Amino acid sequence: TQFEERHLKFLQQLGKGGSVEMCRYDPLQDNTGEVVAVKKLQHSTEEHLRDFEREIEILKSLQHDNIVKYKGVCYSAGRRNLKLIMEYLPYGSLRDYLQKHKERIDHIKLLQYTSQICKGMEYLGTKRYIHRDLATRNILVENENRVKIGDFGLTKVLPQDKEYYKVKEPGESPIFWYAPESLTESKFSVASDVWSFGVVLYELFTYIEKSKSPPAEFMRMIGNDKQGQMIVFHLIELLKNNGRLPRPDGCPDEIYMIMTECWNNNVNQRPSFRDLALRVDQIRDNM
Ligand SMILES: Oc1ccc(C2=Nc3ccccc3-c3ccnc4[nH]cc2c34)c(Cl)c1
């Protein structure tokens with residue numbers, strides 16, 4: 001079924017990278033229609049369109065409780081400058097949601113979100129998709145009891161014969177969430193996604209205290225005087241020599257263990273998401 005543009009009423013801006021807006025889909029024209037989230041492109045060159053169209057196919061192929069739901073596409077005369085339509089998740093980003101509620105969400109709740117993040121990523125892996133941008137600002141909160149993986153604008157499908165995807169011309173990169181081989185060779189895989197997931201679990205257990213974020217720690221470790229491409233040079237040598245983010249204040253030592261195990265230089269030694277979700281649920285059972 002179709003989403004017609006004249007019926008999408010703008011409500012509020014949500015994020016720019018394209019750009020995401022909260023709209024009401026109101027075909028009855030009486031303001032009782034569904035509130036939806038809508039993405040469209042900012043500058044519509046053929047390469048960005050091609051990436052957007054891929055993001056749309058990927059999201060459309062995913063149906064999991066912890067993956068944001070695709071609803072449809074709104075099409076357009078002359079240019080066919082699509083809008084992506086999705087479910088609106090009303091508590092917003094997990095980063096912003098944890099900042100607001102800080103330590104008033106206990107370790108048990110944090111582990112419920114962690115579990116659901118692993119479950120979502122694991123499902124993503126059974127399809128041979130590499131997310132590439134797992135961080136708390138890219139996870140969305142549906143309610144107290146449920147989070148979903150979002151932002152698929154950077155996801156790649158592995159080739160049929162290879163276990164990594166190599167980016168030739170990197171654009172915007174969240175280097176502080178990156179695996180060493182992604183920093184050095186621009187190789188991305190299930191294992192690099194697991195490494196990032198380690199950084200997400202750190203984020204969670206620091207409750208997003210700013211002076212504690214990944215960029216902050218890593219910059220203190222490399223020295224705050226490093227600028228541009230020298231940050232990458234230094235971060236790579238630091239990672240090689242086993243500099244890591246510390247264990248956050250109050251973090252249970254068994255959760256810290258998972259982090260450090262995700263942050264292994266040897267890609268083959270990082271655990272799998274299936275095992276992570278098993279482990280994380282066992283820890284929940286215990287508490
Ligand atoms: O491939 C994807 C996956 C998730 C979203 C998405 N992104 C956002 C980006 C910034 C700020 C808020 C959102 C947001 C807020 C509330 N509900 C929402 N549903 C869906 C999104 C969202 C998008 Cl645009 C594309």
# chains A, B, ... in the order shown; residues from 1 in each chain; ligands from 1
call {"tool": "closest_atom_pairs", "arguments": {"of": "chain A", "to": "ligand 1", "cutoff": "9 Å", "atoms": "only C-alpha atoms and all ligand atoms", "output": "CSV"}}
result
residue,atom,partner,partner_atom_place_in_ligand_line,distance
A:13,CA,ligand 1,11 (C),8.3
A:14,CA,ligand 1,11 (C),4.6
A:15,CA,ligand 1,10 (C),3.9
A:16,CA,ligand 1,10 (C),6.6
A:17,CA,ligand 1,10 (C),7.6
A:18,CA,ligand 1,24 (Cl),8.2
A:19,CA,ligand 1,24 (Cl),7.1
A:20,CA,ligand 1,24 (Cl),5.1
A:21,CA,ligand 1,12 (C),7.8
A:22,CA,ligand 1,16 (C),7.2
A:36,CA,ligand 1,19 (N),7.3
A:37,CA,ligand 1,19 (N),5.0
A:38,CA,ligand 1,24 (Cl),6.5
A:39,CA,ligand 1,24 (Cl),5.0
A:40,CA,ligand 1,24 (Cl),8.2
A:52,CA,ligand 1,1 (O),8.7
A:55,CA,ligand 1,1 (O),6.1
A:56,CA,ligand 1,1 (O),7.1
A:58,CA,ligand 1,1 (O),8.4
A:59,CA,ligand 1,1 (O),6.3
A:67,CA,ligand 1,3 (C),8.3
A:68,CA,ligand 1,4 (C),6.0
A:69,CA,ligand 1,20 (C),7.6
A:70,CA,ligand 1,3 (C),8.3
A:84,CA,ligand 1,24 (Cl),7.6
A:85,CA,ligand 1,20 (C),8.2
A:86,CA,ligand 1,19 (N),5.5
A:87,CA,ligand 1,19 (N),5.1
A:88,CA,ligand 1,17 (N),3.8
A:89,CA,ligand 1,17 (N),4.1
A:90,CA,ligand 1,16 (C),5.9
A:91,CA,ligand 1,16 (C),7.4
A:92,CA,ligand 1,16 (C),5.1
A:93,CA,ligand 1,12 (C),6.5
A:137,CA,ligand 1,10 (C),8.2
A:138,CA,ligand 1,9 (C),7.3
A:139,CA,ligand 1,4 (C),8.2
A:140,CA,ligand 1,14 (C),6.8
A:141,CA,ligand 1,16 (C),8.2
A:142,CA,ligand 1,17 (N),8.4
A:148,CA,ligand 1,4 (C),8.8
A:149,CA,ligand 1,3 (C),7.4
A:150,CA,ligand 1,3 (C),3.8
A:151,CA,ligand 1,3 (C),3.8
A:152,CA,ligand 1,1 (O),4.0
A:153,CA,ligand 1,1 (O),5.5
A:154,CA,ligand 1,1 (O),8.6
A:155,CA,ligand 1,1 (O),9.0
call {"tool": "select_by_dssp", "arguments": {"residues": "stretch 34-151 of chain A", "states": "strand (DSSP E or B)", "output": "PyMOL selection string"}}
result
chain A and resi 34-40+67+70-74+83-87+92-93+129-130+139-143+146-149
call {"tool": "write_last_selection", "arguments": {"atoms": "N, CA and C atoms", "output": "PDB file, in the first residue's frame"}}
result
ATOM      1  N   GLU A  34      -1.337   7.997  11.496  1.00  0.00           N
ATOM      2  CA  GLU A  34      -0.131   7.495  12.154  1.00  0.00           C
ATOM      3  C   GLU A  34       1.068   8.423  12.096  1.00  0.00           C
ATOM      4  N   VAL A  35       1.760   8.535  13.221  1.00  0.00           N
ATOM      5  CA  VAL A  35       3.025   9.279  13.257  1.00  0.00           C
ATOM      6  C   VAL A  35       4.172   8.362  12.846  1.00  0.00           C
ATOM      7  N   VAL A  36       4.945   8.811  11.855  1.00  0.00           N
ATOM      8  CA  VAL A  36       5.938   7.989  11.241  1.00  0.00           C
ATOM      9  C   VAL A  36       7.232   8.770  11.196  1.00  0.00           C
ATOM     10  N   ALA A  37       8.347   8.072  11.079  1.00  0.00           N
ATOM     11  CA  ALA A  37       9.599   8.740  10.837  1.00  0.00           C
ATOM     12  C   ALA A  37       9.940   8.667   9.305  1.00  0.00           C
ATOM     13  N   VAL A  38      10.500   9.719   8.740  1.00  0.00           N
ATOM     14  CA  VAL A  38      10.651   9.824   7.276  1.00  0.00           C
ATOM     15  C   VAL A  38      12.051  10.282   6.946  1.00  0.00           C
ATOM     16  N   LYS A  39      12.747   9.551   6.081  1.00  0.00           N
ATOM     17  CA  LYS A  39      14.083   9.979   5.673  1.00  0.00           C
ATOM     18  C   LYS A  39      14.107  10.341   4.201  1.00  0.00           C
ATOM     19  N   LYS A  40      14.789  11.423   3.899  1.00  0.00           N
ATOM     20  CA  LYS A  40      14.989  11.797   2.551  1.00  0.00           C
ATOM     21  C   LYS A  40      16.405  12.286   2.420  1.00  0.00           C
ATOM     22  N   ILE A  67      15.080  -4.663  15.367  1.00  0.00           N
ATOM     23  CA  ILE A  67      15.533  -3.946  14.188  1.00  0.00           C
ATOM     24  C   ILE A  67      14.398  -3.032  13.805  1.00  0.00           C
ATOM     25  N   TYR A  70      10.722  -1.111   8.758  1.00  0.00           N
ATOM     26  CA  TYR A  70      10.421  -0.484   7.459  1.00  0.00           C
ATOM     27  C   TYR A  70       8.879  -0.420   7.318  1.00  0.00           C
ATOM     28  N   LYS A  71       8.334   0.700   6.885  1.00  0.00           N
ATOM     29  CA  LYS A  71       6.927   0.736   6.498  1.00  0.00           C
ATOM     30  C   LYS A  71       6.704   0.911   4.991  1.00  0.00           C
ATOM     31  N   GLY A  72       7.484   1.743   4.317  1.00  0.00           N
ATOM     32  CA  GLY A  72       7.267   1.892   2.906  1.00  0.00           C
ATOM     33  C   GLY A  72       8.105   3.010   2.338  1.00  0.00           C
ATOM     34  N   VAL A  73       7.752   3.349   1.102  1.00  0.00           N
ATOM     35  CA  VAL A  73       8.458   4.306   0.314  1.00  0.00           C
ATOM     36  C   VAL A  73       7.405   5.259  -0.254  1.00  0.00           C
ATOM     37  N   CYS A  74       7.671   6.557  -0.227  1.00  0.00           N
ATOM     38  CA  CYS A  74       6.861   7.524  -0.940  1.00  0.00           C
ATOM     39  C   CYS A  74       7.587   8.013  -2.209  1.00  0.00           C
ATOM     40  N   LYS A  83      11.183   9.027  -0.429  1.00  0.00           N
ATOM     41  CA  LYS A  83      11.246   9.158   0.996  1.00  0.00           C
ATOM     42  C   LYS A  83      11.094   7.749   1.590  1.00  0.00           C
ATOM     43  N   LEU A  84      11.999   7.430   2.525  1.00  0.00           N
ATOM     44  CA  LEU A  84      11.877   6.221   3.310  1.00  0.00           C
ATOM     45  C   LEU A  84      10.925   6.386   4.518  1.00  0.00           C
ATOM     46  N   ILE A  85       9.874   5.572   4.600  1.00  0.00           N
ATOM     47  CA  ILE A  85       8.967   5.666   5.722  1.00  0.00           C
ATOM     48  C   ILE A  85       9.205   4.532   6.751  1.00  0.00           C
ATOM     49  N   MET A  86       9.282   4.871   8.047  1.00  0.00           N
ATOM     50  CA  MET A  86       9.531   3.852   9.105  1.00  0.00           C
ATOM     51  C   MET A  86       8.652   4.121  10.262  1.00  0.00           C
ATOM     52  N   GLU A  87       8.598   3.184  11.180  1.00  0.00           N
ATOM     53  CA  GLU A  87       8.014   3.351  12.469  1.00  0.00           C
ATOM     54  C   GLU A  87       8.752   4.433  13.239  1.00  0.00           C
ATOM     55  N   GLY A  92      13.260   7.780  21.452  1.00  0.00           N
ATOM     56  CA  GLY A  92      14.406   8.276  20.739  1.00  0.00           C
ATOM     57  C   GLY A  92      15.628   7.376  20.852  1.00  0.00           C
ATOM     58  N   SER A  93      16.787   8.021  20.773  1.00  0.00           N
ATOM     59  CA  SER A  93      18.071   7.336  20.738  1.00  0.00           C
ATOM     60  C   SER A  93      18.471   6.823  22.106  1.00  0.00           C
ATOM     61  N   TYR A 129      25.075  -9.116   6.322  1.00  0.00           N
ATOM     62  CA  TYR A 129      25.125  -7.632   6.298  1.00  0.00           C
ATOM     63  C   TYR A 129      26.152  -7.207   7.345  1.00  0.00           C
ATOM     64  N   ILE A 130      26.963  -6.222   7.037  1.00  0.00           N
ATOM     65  CA  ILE A 130      27.920  -5.625   8.028  1.00  0.00           C
ATOM     66  C   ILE A 130      27.374  -4.238   8.297  1.00  0.00           C
ATOM     67  N   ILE A 139      21.148   3.412  18.136  1.00  0.00           N
ATOM     68  CA  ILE A 139      20.158   2.455  18.650  1.00  0.00           C
ATOM     69  C   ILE A 139      18.984   3.296  19.138  1.00  0.00           C
ATOM     70  N   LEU A 140      17.758   2.814  18.947  1.00  0.00           N
ATOM     71  CA  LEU A 140      16.561   3.562  19.260  1.00  0.00           C
ATOM     72  C   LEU A 140      15.800   2.819  20.295  1.00  0.00           C
ATOM     73  N   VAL A 141      15.089   3.589  21.116  1.00  0.00           N
ATOM     74  CA  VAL A 141      14.344   3.079  22.174  1.00  0.00           C
ATOM     75  C   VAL A 141      12.875   3.122  21.787  1.00  0.00           C
ATOM     76  N   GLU A 142      12.232   1.962  21.921  1.00  0.00           N
ATOM     77  CA  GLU A 142      10.833   1.898  21.626  1.00  0.00           C
ATOM     78  C   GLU A 142      10.018   2.126  22.859  1.00  0.00           C
ATOM     79  N   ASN A 143      10.436   1.501  23.941  1.00  0.00           N
ATOM     80  CA  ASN A 143       9.796   1.663  25.228  1.00  0.00           C
ATOM     81  C   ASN A 143      10.844   1.259  26.277  1.00  0.00           C
ATOM     82  N   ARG A 146      12.280  -2.250  25.410  1.00  0.00           N
ATOM     83  CA  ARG A 146      12.710  -2.637  24.060  1.00  0.00           C
ATOM     84  C   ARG A 146      13.520  -1.586  23.292  1.00  0.00           C
ATOM     85  N   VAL A 147      14.714  -1.995  22.856  1.00  0.00           N
ATOM     86  CA  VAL A 147      15.484  -1.216  21.893  1.00  0.00           C
ATOM     87  C   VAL A 147      15.628  -1.880  20.497  1.00  0.00           C
ATOM     88  N   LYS A 148      15.885  -1.062  19.472  1.00  0.00           N
ATOM     89  CA  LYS A 148      16.073  -1.541  18.084  1.00  0.00           C
ATOM     90  C   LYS A 148      17.297  -0.968  17.449  1.00  0.00           C
ATOM     91  N   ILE A 149      17.954  -1.787  16.663  1.00  0.00           N
ATOM     92  CA  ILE A 149      19.049  -1.283  15.882  1.00  0.00           C
ATOM     93  C   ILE A 149      18.530  -0.409  14.734  1.00  0.00           C
TER      94      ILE A 149
END
call {"tool": "closest_residue", "arguments": {"among": "A:112, A:182, A:99, A:211", "to": "residue A:283", "atoms": "only C-alpha atoms"}}
result
A:112
call {"tool": "closest_residue", "arguments": {"among": "A:51, A:122, A:237, A:169", "to": "residue A:276", "atoms": "only C-alpha atoms"}}
result
A:122
call {"tool": "residues_around", "arguments": {"residues": "residue A:102", "least_positions_apart": "2", "cutoff": "12 Å", "atoms": "only C-alpha atoms", "output": "list in words"}}
result
residues 94, 95, 96, 97, 98, 99, 100, 104, 105, 106, 107, 109, 110, 203, 204, 205, 206, 207, 208 and 209 of chain A
call {"tool": "select_by_dssp", "arguments": {"residues": "stretch 164-227 of chain A", "states": "helix (DSSP H, G or I)", "output": "number ranges by chain"}}
result
A: 175-177, 180-185, 190-205, 210-212, 214-222
